[PDB]
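Here is the structure we will look at, set down as structure tokens.
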Amino acid sequence: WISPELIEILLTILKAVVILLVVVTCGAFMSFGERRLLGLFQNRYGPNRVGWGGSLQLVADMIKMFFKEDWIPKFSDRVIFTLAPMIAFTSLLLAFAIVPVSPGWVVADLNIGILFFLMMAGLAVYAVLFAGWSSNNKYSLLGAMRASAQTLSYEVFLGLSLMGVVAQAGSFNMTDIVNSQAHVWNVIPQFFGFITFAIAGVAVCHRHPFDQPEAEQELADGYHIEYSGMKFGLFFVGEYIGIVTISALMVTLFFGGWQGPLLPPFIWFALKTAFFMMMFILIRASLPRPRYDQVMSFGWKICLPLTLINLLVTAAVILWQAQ
Amino acid sequence: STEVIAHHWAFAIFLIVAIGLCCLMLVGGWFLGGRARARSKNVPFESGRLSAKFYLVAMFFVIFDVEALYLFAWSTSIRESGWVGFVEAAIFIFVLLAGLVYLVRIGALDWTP
Amino acid sequence: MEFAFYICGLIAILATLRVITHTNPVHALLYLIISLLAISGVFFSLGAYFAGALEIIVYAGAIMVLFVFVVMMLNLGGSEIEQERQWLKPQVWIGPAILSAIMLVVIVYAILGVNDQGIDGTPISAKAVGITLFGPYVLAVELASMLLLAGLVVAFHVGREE
Amino acid sequence: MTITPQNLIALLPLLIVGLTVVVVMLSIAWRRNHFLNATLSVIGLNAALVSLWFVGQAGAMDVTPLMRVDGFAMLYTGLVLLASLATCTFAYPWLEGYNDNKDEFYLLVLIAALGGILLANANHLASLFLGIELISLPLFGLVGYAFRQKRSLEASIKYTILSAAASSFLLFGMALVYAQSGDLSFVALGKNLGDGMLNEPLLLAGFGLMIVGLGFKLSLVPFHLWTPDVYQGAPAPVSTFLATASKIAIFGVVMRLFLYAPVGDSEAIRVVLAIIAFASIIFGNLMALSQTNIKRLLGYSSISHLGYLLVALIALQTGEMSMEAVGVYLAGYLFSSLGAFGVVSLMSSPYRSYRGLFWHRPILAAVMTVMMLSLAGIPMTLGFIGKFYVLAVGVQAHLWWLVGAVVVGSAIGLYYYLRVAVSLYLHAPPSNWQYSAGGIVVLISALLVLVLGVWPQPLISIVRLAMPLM
Amino acid sequence: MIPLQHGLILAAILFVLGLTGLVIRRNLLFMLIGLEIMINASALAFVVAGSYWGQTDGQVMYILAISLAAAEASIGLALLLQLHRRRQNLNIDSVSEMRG
Amino acid sequence: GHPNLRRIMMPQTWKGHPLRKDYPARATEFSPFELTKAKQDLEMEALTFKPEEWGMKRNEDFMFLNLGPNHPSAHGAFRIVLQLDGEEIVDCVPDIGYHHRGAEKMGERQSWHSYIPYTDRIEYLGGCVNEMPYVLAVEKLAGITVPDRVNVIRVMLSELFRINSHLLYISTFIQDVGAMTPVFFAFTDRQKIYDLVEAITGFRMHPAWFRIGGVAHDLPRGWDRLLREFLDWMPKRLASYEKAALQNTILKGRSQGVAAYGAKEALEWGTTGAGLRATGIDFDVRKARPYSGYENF
Ligand SMILES: CCCCCCCCCCCCCCCCCC(=O)OC[C@H](COP(=O)(O)OCCN)OC(=O)CCCCCCCCCCCCCCCCC
Ligand SMILES: CCCCCCCCCCCCCCCCCC(=O)OC[C@H](COP(=O)(O)OCCN)OC(=O)CCCCCCCCCCCCCCCCC
Ligand SMILES: CCCCCCCCCCCCCCCCCC(=O)OC[C@H](COP(=O)(O)OCCN)OC(=O)CCCCCCCCCCCCCCCCC
Ligand SMILES: CCCCCCCCCCCCCCCCCCCC
Ligand SMILES: CCCCCCCCCCCCCCCCCCCC
């Protein structure tokens, strides 16, 4: 069984498994870091008693959520109820599955890349839709309808925001997109693409200020209200893993990915990614929540023509520079 | 080649292990923990007809997503298409923005009455 | 490559059979989404990478989202649907099934009587599809934009609430 | 193949109608004005009709790997544009009584006219498919424009579901055809076959599914059951447009497809279309015997006239004047159907019994009886010239069963057409310039029918000038 | 190495299954679902045909097919919405007022 | 002639009228609260909403929405039933009485001195502000004119508790808009106020420190120091609150033009305070009908 081909196969599989486990661990530890960084932002400490510095708080929450009674309503449809958190986790995990963290460290060097990310987001909206329908609660039903129409209103231009970087790199591949940022990062030319992708990625991740269950707690119309135990935990863990995925895609698409002058490439990638996770915390802790009609009006009247104009101007620059 | 099939194996292992991870998470959550009964436990939590604007928003998402797929196909082949394809895509985006402006002005994209 | 194609084709066939014989609209739409994922796997097996990407982005990500949206707003509790089960009643379904059966045998006779050198599975990237789309197929692009505009206007005019 | 400025000047009606669509849409976005948007739509359609002159002076050439422009394309573009102009003219007094938004009607008419022009210019399977869909979907909107009404909503649902089924059938047919041949151009459909092996089963099955879709679109038996319901339930200007423009554009693209393809001269396809044409003529004439509704009667009339059209279709490869017969018949049928459905529209306008029509509306009664004599193929009318052309083409190719079917269906059509035309003059128990414009449109249609039935030579010369490429 | 005939057979099977679902179901939603199945099967057949010949024309025809499918689904669901709004049922046999 | 004369404090299945003199006040007079299955079902049936009984006067689209009665906010627990056309509120009627404590019946049940803790919990964000009119009215009954030091002490504590209540209100409004950090900082400022109030009275939210004729104790030695720390602490924090959340355009879009009324609607409905004075009507009790030596400030 000793052969270089089988050795390369096993090392590549081990690299993929290591990447997957590190992403899941980072998402959970980033739920904990959400709590700690909110404490830092709000002149307090947050959880710092369970273990050293609160580092064992995640393990305590994990034990609680595993040994909490997992319950499915009698009026609910079992398969859809059991399927919605699976979608909310798996869709954004497999969306991460194309992100290159280092030269030679990638799981799938696909020819579609961010197209595959668009496939996973379009599948990810089904988690909210299925959580709303499955619970057999009308309040959760209209909450899921509102959140799903919001995510459609921002998914309508998520890909078009990415298309400026796609046009500049000339390919759908992620590694070619990173390699096109070897001289200048894409945040400078595709700045409008950068802000529109930030807004759309925050909105499709159901993060503040686009979170629906935290928007209206008086109505009790959230689509999470009938989930408990490890299903609600899967909803939360998939939300934070989606935050990690969106931040890493933002780093690879607008901030050069792993490219840097002095540090090793994974150190630069982790630093830029963690900076964008901290910016997620700061966005949650800083901005007020707009109204529903205001949010979808900002999605439709403003951001989509901005993405179209950005793509048109990017194309004009590209063909102008190609003599 | 060996590298491409190793990449395919790594991707397959990634998808399989992720799906098995969330499946085992469900198995552990359902199997572990005691269960107890209450009278109003099975009743849905309700703190103790939908409009057609949802359909309109989803419909607009579908239509503009198909035109987005057209621009997806354009964007990866911008340099080989040249200035002629730029003119065609400018006409395409002009029609797209005219339809968007028409939707805006007649209140189709206005959620509030 | 061929094994994935045959498995995905079998999954798509079984899922479509489950859609056309179901009473729950949401279950039927979920099985339809599963069949669309399987047909996307078929597309990826044949080297049409862009076609599978569009199947999950657009067909399984926009159109079925619209169908699921509509089924949500209808609140279909199976009123005179689950209480009838008339499609499962045999003398209703024997006729059209044998109609589609003889049509399928005729189409299979047509298919088996053609030259087949096999599909080599060479991947066709989205760059070549985009070059062709804005090259020899430009009027198709602009008039398809006009077709989407026509559908937009038609379904806005029909599907208002007032 | 790239696009040249000469290819742009060949694109003139398509570009003009598309620019009209954009301009009318932006004007609706500015301010909802029914008169100004209708005027803009009529101005754009008339501009395309005028620019057909520049297209003719441009010459006949190939603009795309998809489109081909020749005199055949000009003739069918002119027919579609005239039908759309008459549809707008009939639609304005009907839309004067519509409580909801009226401005989307002309947008849908313009997009359907765009699809008709594309079908006229189509030399490809992609252009054929896109033109069929670009005609169909605005007709989905227009048939159910008065969606509050029971009949209009029912007709819209029926037309939408059945045309989606026909679109899937047609698309699977060209999928099989492309799987066999490898090129989607019209000239290469069977070019890779020789030595008498043209009847390949996969190509024949793909063309059969295409025949299923197109025979839905042409109201051909046995895909004809939608025609009386969709004709009756739709608004009368929509019935006018669906009777004239859609049928003419789809039959023109079927003409071009069966001329250019090597598989078009297959024996099995010819026998299948002969059966379809025979059954279409006989069934459409027989099912209109006991119709008291004018719209269903004219739908069955459309089925019969399309059967005569298919009889003229079958002798394409043998006879030499089959295209000339189709053009003359289609000009006459456009004029007759425009007049008949226009008088029906003017009696159905504004949006809120043909017996005894002469005693309050004598001019419209005279126009109606002229068109019901025209659809019967009575001499001194252009429908007679079309029927004479169809019979001559059938006699040349020895299509004797089709000739007998035409004669028998002509007798049955004579029965019911004369029944209506003489029920006009029995005894039974407006005030705007657009209604007068519709009356002028139907009056010039009747005068054209009478003049070209007495003197058909200018129309024959015009149609003979519209010769497609060899 | 995948035969073209097997892909065409799969597309034909999905096409006739969609037609069966279109015919045997009274509910307008299930007929729209069946129509979507038929047009997606035709798009699959066109993709297989384009992939055998090594041409992008199959994927271009697939793109046109899904554009038609999206717009037709939009129009059909709008008609279904109005039918449910004014009729309170989805029985397609109930709308049969026009006959003969 | 009342449009609907139903009970507003007690449930509809209640026998007798509580504020009559022959009605027993205390719960120990009644049987102790037993919750059986039939009792739980019967009381859950009574809390269900029926469109016809509340005078809704109902179109095949008017859906009904339930807000409470459990309420995720600091200001009590209550219900609102909403008639909706799409998202538009066509009609609504508030359901109150879920927080009924019988404080007036306790006024008939406690003595003049012992009722002051119950006067504290009338508006539990007000404290000494709630104690002030009761002790003023009792001093009117007793013929007591309090000295000037008493008036200044009561004004000082009333303004301290007014700043506490307004801080909680602004923080809760900003949190309900969607910014969750000023509630943390405003409760820190509330802790500073609470330090001073604990030093003076010995309690945080319900001091019960005002008395008939004065206050319970003298001011402790060092009250001026804590008041100095609060007066130095407050204005920079308030300016940070404005700049961070109150001048945010998202908050302005959520707030400006929302539920607006004029002087006539404020006058006809008895609205007072900031809602009345935002209509331009200069009517404050401290300046129109001065009390407790508020004319010297
Ligand atoms: C509850 C479970 C629901 C279903 C979950 C999924 C079921 C299947 C799980 C097992 C999958 C095993 C692995 C499949 C093959 C992976 C590798 C692959 O697709 O390789 C082909 C191709 C290679 O690309 P490349 O190398 O760049 O091409 C040049 C030529 N070699 O690469 C590609 O073509 C890449 C594009 C295809 C990738 C597909 C990934 C999965 C898609 C489905 C996601 C489902 C999400 C959850 C459910 C949503 C709701 C139903
Ligand atoms: C195991 C038994 C069945 C168990 C239950 C069902 C599980 C899911 C089965 C379907 C999905 C996995 C199929 C197996 C794929 C394994 C990888 C493979 O075959 O790769 C071959 C090929 C790689 O690309 P290529 O370049 O063509 O390779 C030539 C060599 N250089 O690959 C390709 O070209 C494309 C590979 C397929 C496309 C990507 C994956 C699509 C996934 C679709 C899921 C659909 C929903 C499934 C729901 C299941 C539950 C009901
Ligand atoms: C990894 C990716 C993510 C990384 C994290 C960092 C990026 C996060 C981006 C978050 C974006 C949130 C966008 C929220 C938009 C809200 C728009 C809206 O609806 O505003 C409504 C408001 C008033 O609306 P109006 O119609 O005027 O109402 C009048 C009624 N009296 O209108 C207004 O107030 C007008 C202004 C609207 C907002 C404009 C856009 C602001 C975006 C947030 C600031 C971002 C700054 C850069 C941060 C660093 C990024 C690295
Ligand atoms: C938020 C960041 C998530 C990262 C997930 C993937 C982690 C992969 C770790 C790879 C480590 C080795 C990288 C190559 C060697 C160069 C760097 C060496 C020092 C770390
Ligand atoms: C209330 C209206 C119900 C309409 C149901 C229609 C069902 C049609 C069933 C057709 C069955 C055909 C069986 C085979 C016929 C012979 C083979 C095909 C023709 C040669």
Next on the checklist: Checking A:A97 against (1) surrounded by fewer than 24 Cβ atoms within 10 Å (Cβ to Cβ); (2) of a type in the set (A, V, I, L, M); (3) within 15 Å of ligand 2 (Cβ to nearest atom): exactly one of these is not met. Which one?
Outcome noted: (1)
Checklist outcome for this item: Those residues of region D:223-235 which are surrounded by fewer than 24 Cβ atoms within 10 Å (Cβ to Cβ) and part of a helix (DSSP H, G or I) amount to D:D229, D:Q232
Next on the checklist: For the list (1) in a helix (DSSP H, G or I); (2) of a type in the set (A, V, I, L, M, F, W, C); (3) crowded, with 17+ Cβ neighbours inside 10 Å, I need the number of the one condition that F:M180 fails.
Outcome noted: (1)
Next on the checklist: Out of everything in region E:15-29 that is part of a helix (DSSP H, G or I) and within 15 Å of ligand 5 (Cβ to nearest atom), what residue ends up being nearest to D:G206 (Cα to Cα)?
Outcome noted: E:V16
Checklist entry - Within region C:114-124, can one find any residue that is crowded, with 20+ Cβ neighbours inside 10 Å and within 16 Å of ligand 2 (Cβ to nearest atom)? => result yes
Checklist entry - What's the number of the condition C:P136 fails, among (1) in a helix (DSSP H, G or I); (2) touching a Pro at 6+ places or on another chain (Cβ under 6 Å)? => result (1)
Checklist entry - Among the residues of region B:82-90, is any part of a helix (DSSP H, G or I) and closer than 27 Å to A:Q150 by Cβ? => result no
Item to check | Condition met for C:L10 (within 13 Å of ligand 2 (Cβ to nearest atom), in contact with a helix residue (DSSP H, G or I) (Cβ under 9 Å, 6 or more places away or on another chain), closer than 16 Å to E:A43 by Cβ and part of a helix (DSSP H, G or I)) | outcome: no
Checklist entry - In region E:40-56, is there at least one residue being aliphatic (A, V, I, L, M) and over 25 Å from C:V129 (Cβ atoms)? => result no
Item to check | Scope region A:15-35; condition out of contact with any strand residue (DSSP E or B) (no Cβ under 9 Å at 6 or more places or on another chain) and within 9 Å of chain B (Cβ to nearest Cβ); matching residues | outcome: A:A16, A:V17, A:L20, A:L21, A:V24
Item to check | Residues being surrounded by 10 or more Cβ atoms within 10 Å (Cβ to Cβ) and part of a loop (DSSP other than H, G, I, E, B) - total across region F:26-57 | outcome: 9
Checklist outcome for this item: For region E:31-54 the number of residues that are over 26 Å from C:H22 (Cβ atoms) and either basic (K, R) or more than 8 Å from chain C (Cβ to nearest Cβ) (or both) is 3
Checklist entry - Taking C:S45, is it away from ligand 5 (no atom under 16 Å from the Cβ), under 30 Å from E:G50 (Cα atoms), more than 10 Å from chain A (Cβ to nearest Cβ) and of a type in the set (S, T, N, Q)? => result yes
Next on the checklist: Six or more apart or on different chains, Cβ atoms under 7 Å: show the pairs whose first residue is in region C:92-105 and within 7 Å of chain E (Cβ to nearest Cβ) and whose second is in a helix (DSSP H, G or I) and near ligand 5 (Cβ under 8 Å from one of its atoms).
Outcome noted: C:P96/E:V23
Next on the checklist: It is to be established whether one or more residues within region D:143-150 are within 19 Å of the chain's Cα centre (by Cα), farther than 30 Å from D:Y92 by Cβ, within 12 Å of chain C (Cβ to nearest Cβ) and not in a loop (DSSP other than H, G, I, E, B).
Outcome noted: no
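Can F:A266 be described as over 30 Å from F:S114 (Cβ atoms), away from ligand 2 (no atom under 16 Å from the Cβ), within 14 Å of chain A (Cβ to nearest Cβ) and touching a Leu at 6+ places or on another chain (Cβ under 7 Å)?
no
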Checklist entry - Within region F:80-91, how many residues are more than 9 Å from chain B (Cβ to nearest Cβ) and either part of a loop (DSSP other than H, G, I, E, B) or surrounded by 14 or more Cβ atoms within 10 Å (Cβ to Cβ) (or both)? => result 7
Item to check | Residues of region D:24-72 satisfying the condition of being part of a loop (DSSP other than H, G, I, E, B), among the aliphatic types (A, V, I, L, M) and surrounded by 18 or more Cβ atoms within 10 Å (Cβ to Cβ) | outcome: D:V63, D:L66
Item to check | Test result for B:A68, farther than 26 Å from D:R31 by Cα, within 16 Å of ligand 4 (Cβ to nearest atom), surrounded by 23 or more Cβ atoms within 10 Å (Cβ to Cβ) and under 29 Å from the mean Cα position of the chain (by Cα) | outcome: no
Checklist entry - Looking at F:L238, F:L168, which one is closer than 17 Å to F:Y124 by Cα and either more than 16 Å from ligand 3 (Cβ to nearest atom) or part of a loop (DSSP other than H, G, I, E, B) (or both)? => result F:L168
Checklist entry - Which residue pairs have Cβ atoms closer than 9 Å, lie 6 or more positions apart in sequence or on different chains, and pair a first residue in region B:4-30 that is farther than 26 Å from A:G104 by Cβ and assigned to a helix (DSSP H, G or I) with a second residue that is away from ligand 3 (no atom under 16 Å from the Cβ) and among the acidic types (D, E)? => result B:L26/A:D70; B:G29/A:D70; B:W30/A:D70
Checklist entry - Could we say that E:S67 is out of contact with any strand residue (DSSP E or B) (no Cβ under 6 Å at 6 or more places or on another chain) and either at the interface with another protein chain (Cβ under 7 Å from one of its Cβ atoms) or surrounded by fewer than 24 Cβ atoms within 10 Å (Cβ to Cβ) (or both) here? => result yes
Checklist outcome for this item: Here the qualifying pairs (Cβ atoms under 8 Å; residues six or more apart or on different chains; first in region A:192-207 and at positive phi; second more than 16 Å from ligand 4 (Cβ to nearest atom) and small (G, A, S)) come out as A:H206/A:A147
Next on the checklist: Anything in region D:374-414 that is farther than 19 Å from D:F278 by Cα and surrounded by fewer than 24 Cβ atoms within 10 Å (Cβ to Cβ)? List them, or say none.
Outcome noted: D:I378, D:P379, D:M380, D:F384
Checklist outcome for this item: Turns out the helices (runs of 4 or more DSSP H) fully within region A:57-149 with at least 1 residues that are among the basic types (K, R) are A:57-67, A:78-96
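So for region C:67-84 (the condition being assigned to a loop (DSSP other than H, G, I, E, B), more than 16 Å from ligand 4 (Cβ to nearest atom) and closer than 25 Å to E:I13 by Cβ), does at least one residue qualify?
No - not one qualifying residue is present in region C:67-84.
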Checklist entry - Which of the residues that make up region A:53-88 are within 25 Å of the chain's Cα centre (by Cα) and among the acidic types (D, E)? => result A:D61
Checklist entry - Within the group A:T252, A:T273, A:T314, A:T245, which residue is of a type in the set (S, T, N, Q), more than 13 Å from ligand 3 (Cβ to nearest atom) and assigned to a helix (DSSP H, G or I)? => result A:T314
Checklist entry - Which ones in region A:114-142 are within 15 Å of ligand 2 (Cβ to nearest atom) and more than 8 Å from every other protein chain (Cβ to nearest Cβ)? => result A:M120
Next on the checklist: Looking at the structure I just gave you, is C:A101 surrounded by fewer than 23 Cβ atoms within 10 Å (Cβ to Cβ) and touching a helix residue (DSSP H, G or I) at 6+ places or on another chain (Cβ under 8 Å)?
Outcome noted: yes
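Quick note: the coordinates plus some simple rules give every number you see, no bench work behind them. FYI the Cβ positions are ideal-geometry reconstructions off the backbone, even for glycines, and counts take in every protein chain you see.
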